[PDB]
Amino acid sequence: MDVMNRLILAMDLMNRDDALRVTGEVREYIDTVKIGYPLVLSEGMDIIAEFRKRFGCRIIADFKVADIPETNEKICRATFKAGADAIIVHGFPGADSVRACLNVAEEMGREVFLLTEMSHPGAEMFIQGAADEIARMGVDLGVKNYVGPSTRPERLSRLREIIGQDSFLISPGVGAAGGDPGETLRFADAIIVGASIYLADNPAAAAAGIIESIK
Amino acid sequence: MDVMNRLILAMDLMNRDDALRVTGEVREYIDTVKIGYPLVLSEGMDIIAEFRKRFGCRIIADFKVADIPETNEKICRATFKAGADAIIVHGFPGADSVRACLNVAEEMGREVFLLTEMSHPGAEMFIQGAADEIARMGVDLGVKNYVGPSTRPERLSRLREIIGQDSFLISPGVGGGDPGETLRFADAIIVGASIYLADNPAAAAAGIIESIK
Ligand SMILES: O=c1cc(O)n([C@@H]2O[C@H](COP(=O)(O)O)[C@@H](O)[C@H]2O)c(=O)[nH]1
Ligand SMILES: O=c1cc(O)n([C@@H]2O[C@H](COP(=O)(O)O)[C@@H](O)[C@H]2O)c(=O)[nH]1
């Protein structure tokens, strides 16, 4: 995927009018938008096609798919039919669950991103300990796209080592309570930024500032 | 939670007309319906209030919530605002992620179910090893409702030991797990396709209910 400015917008506003306005304002800097359940459950799956048409952006559906294989397939298919370019899926439910999502993505000409490790404090309890193994499972399954935490660069470096240089890696948890934009981009292909942009008084300026900091 | 006949319908059909037809056909047996992303993503979140209105049933939103705290908070608010009586949340992402859902539920007067172990084969890779710790985490958080797999009776028994007798436990994967034995440990069983794909859902439900007593 070709992510403009290596910066992905996490559009987690839950009001259509506000989500549209903010996303529109930063289209000059960002052409790849991560849409998750807060927006989708508030405004409907139609919002994905609307965003694509209105802003001419790529959409990553951040649905953290985490069910049994048959249910996973149903979610993935519905999500791709709704126009998503890619979908983010959890690895902790096991290889069969992940394989199911890969089935559907292959069948429909779309992409799966595998979430191997998370950025919040609770990730220390069970996810961190499984992270290397989940990433290796991804490699064994032929996964090419990954999501991993910027909150700790040493962990992010280890992930990149597991998945190789050819794999695509995107990373959330950027900022004060997270990692540094520049440092993260030593290992990740793109960073994901949400509230710092969408709650900013001037979202366009917030985005420009982040891109400046990583010139 | 009072589940009629200890039997929860997993309404995973993706067509509103068919979902409504089948649910109507078994309402005389089942008053508690699990609605997941397949139906909600196809037909929209409004389907939850429509089910509760049309059937006078309780709805468990099976969204397997598995994000960071701030995102889980948003998902739970939207879900409860849509009328869900309960939401199912993953424990694997850790305590703060679960706490977020619990706090929202408690603020809104709704319920959280903690999913501790899953029923499918891949569950053995990562989740099974963490399942008892996840249940113990839930217990300390004050979780009172749990989900665990009918396909592994020994695991289900241990989960019941951990959560204690006062906690509420529901269990899918029946087919597969046996209804009667599962109910030695679970308060209710969850059943999907063997009811909703049947020639006669009512009889299918009636049969299951019969095999229990
Ligand atoms: O480990 C992870 C995985 C995520 O998807 N995310 C997601 O990335 C986004 C981050 O947004 P924010 O920059 O406002 O923290 C949110 O949509 C969140 O759900 C995350 O923060 N950490
Ligand atoms: O471990 C689990 C957790 C679940 O929620 N489920 C859910 O329970 C339901 C089971 O449906 P079925 O009886 O047709 O197998 C599905 O909605 C599925 O997503 C499961 O099967 N195993």
Side-chain angles (χ1 to χ4, degrees), chain A residues 8-13 33-39 60 62-64 66-75 88 90 93-94 97 113 115-123 127 131 147-151 170-179 191-200 206 210, chain B residues 8-13 33-39 60 62-75 88 90 93 97 113 115-123 127 131 147-152 170-177 189-198 208:
Chain A
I8 297 168
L9 175 65
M11 172 40 58
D12 295 312
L13 294 173
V33 173
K34 187 181 68 71
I35 290 190
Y37 281 134
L39 178 53
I60 298 167
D62 183 7
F63 290 175
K64 290 190 182 60
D67 218 299
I68 64 166
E70 169 59 11
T71 301
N72 277 9
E73 291 203 8
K74 293 180 168 188
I75 295 167
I88 295 178
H90 265 298
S97 289
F113 279 70
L115 174 54
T116 63
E117 176 170 19
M118 291 175 78
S119 69
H120 64 300
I127 288 177
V147 185
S150 80
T151 49
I170 72 178
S171 177
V174 183
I191 50 168
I192 295 166
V193 172
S196 286
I197 297 176
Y198 69 72
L199 295 187
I210 294 158
Chain B
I8 291 166
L9 173 69
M11 175 41 59
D12 297 312
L13 291 170
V33 178
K34 189 178 71 70
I35 291 188
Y37 280 137
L39 181 51
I60 302 166
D62 183 10
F63 291 174
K64 295 184 179 59
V65 187
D67 218 301
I68 68 169
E70 306 92 284
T71 298
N72 283 9
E73 190 273 351
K74 296 182 175 73
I75 294 170
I88 297 172
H90 265 295
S97 290
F113 281 77
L115 173 60
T116 63
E117 177 166 349
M118 295 177 71
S119 67
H120 67 302
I127 293 178
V147 187
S150 75
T151 50
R152 310 192 185 95
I170 67 183
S171 183
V174 182
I189 57 179
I190 294 171
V191 173
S194 77
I195 287 172
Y196 69 64
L197 289 186
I208 295 164

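Convention: sequence-line order gives letters A, B, ...; per-chain numbering from 1. In listed order, ligands and their atoms are each counted from 1.
A side chain to side chain contact (heavy atoms under 4.5 Å, CB included) with A:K34 is found for exactly one of A:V147, A:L9, A:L39, A:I192, namely A:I192. Between A:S150 and the options A:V193, A:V174, A:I170, a side chain to side chain contact (heavy atoms under 4.5 Å, CB included) holds for only A:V174.
In this structure a side-chain-to-backbone donor-acceptor pair under 3.5 Å is present from A:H120 to B:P93. No side-chain donor-acceptor contact under 3.5 Å links A:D62 to the backbone of A:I35.
Residues B:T151 and B:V174 fail the side-chain proximity criterion, which asks for heavy atoms closer than 4.5 Å.
Within 4.0 Å of ligand 2, the residues that place a heavy atom are A:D67, A:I68, A:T71, B:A10, B:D12, B:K34, B:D62, B:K64, B:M118, B:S119, B:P172, B:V191, B:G192, B:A193, listed by chain and number.
The distance between the ring centers of B:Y37 and A:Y37 falls below 6.0 angstrom.
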